[PDB]
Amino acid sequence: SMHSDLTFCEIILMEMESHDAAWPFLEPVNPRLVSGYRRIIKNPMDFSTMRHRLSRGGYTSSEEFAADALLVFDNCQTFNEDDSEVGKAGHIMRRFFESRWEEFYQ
């Protein structure tokens, strides 16, 4: 399971999931709702996958956790136009994440 030293990451992820712009990213991108996603996006990521990975001990370090967070936002900007609803949400969430991360990494 998760080491207590990563509790700050668990909290950041909880706060991300609660954010008004998080709704696109809560669960894996759903083939029932959009086609051609995994054709393009070779490493899908979403907050529920991260939540389960963190809780089971699948992140040994905070850097591995942060890499998956950034993968959510990198995938979003690779697939979606910047002015689309999901594209805009990804930019909001990246800023929110990076602002929280910078409290710890400075």
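From 1 onward, residues are counted along the sequence shown.
Here 29-37 and 77-85 are compared by their mean Cα B-factor, and 77-85 comes out higher. Stretch comparison (3-11 versus 97-105) by mean CA B-factor in the PDB entry places 97-105 on top. Among the modelled residues of the chain, residue 16 sits in the lowest third by CA temperature factor in this PDB entry. In the deposited entry, the Cα temperature factor of residue 42 sits in the top third of values across the chain's modelled residues.
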